[PDB]
């Protein structure tokens, strides 16, 4: 619908950071399932379960076929390779899906979807009411206008009693910021774990004839870039959601301060909201202060009284 109004900048940036994060997850994964192989060779001279590194030169002959080179490639890939190298692209796609859910859960949950759609529906009618132009400074619009005064007066009490919307948005960002804290905790802790050269000692002499091998994961660099890119993409994500958390904890959005628009418009009799109609009003003010300024007229009694006198006369 027209839900762009309810997405501040801190949820517009985040909506795109949660796409590029998806692009590397689906790119790293399709690359992984595509090849993600290991090239493993034996080491004739072994010491400490490691390669000892002990006319014209000739090649070395291990006497192995292509099929018992591939066996050891799999064994040394399943056992002696770290889980974070193999399953990383599938892991950051998971976390991406959480971030996409934790921002659209607000809209899809029906107890809050109705209230939001109720709020945007009256605002566009309030925004598109011709009569508000006369008051911010005929008869058909006046009856259309009083029709909107009443439902707004019912909307003023229908939604104001419930406080679910401010809590979801409060319990959506606060877990997103807890989520970003855990990603950076382990991801940086295991990013060093992946590397190109890996040794494996898998204990198969009955099949091949060698105990230790030396492997070479070629995608170790290309993943190390994406993880270093992913962490840097998430830190910018985390600071965004850390700011909106602070904003929701300092400004005290439960109660709205409507004394400024009444200061200059000479409408002393305008009520101040208590809870959960202030917030969504505090939110759309982030978009612009115009949609609330056009709304201050439908919520005053003398403005209704002036319409009533014009409607009486």
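C-alpha atoms forming the largest set that superposes within 1.5 Å between two forms make up the rigid core. Residue numbers count along the first chain shown, from 1.
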{"property": "In 6 other deposited structures of this protein, rigid core aligned: more displaced of 177 to 185 and 201 to 209 by C-alpha RMS", "result": "201 to 209"}
{"property": "RMS Cα shift after core superposition in 6 other deposited structures of this protein, winner of 44 to 52 and 25 to 33", "result": "44 to 52"}
{"property": "Residue 163 unmodelled in at least a third of other compared entries", "result": "no"}
{"property": "Residue 140 dropped in a third or more of the other entries", "result": "yes"}
{"property": "Gap size, residue 55 back to residue 54 (deposited sequence, no coordinates)", "result": "10 or more"}
{"property": "Between neighbours residue 138 and residue 137, residues that the deposited sequence lists but the model omits", "result": "10 or more"}
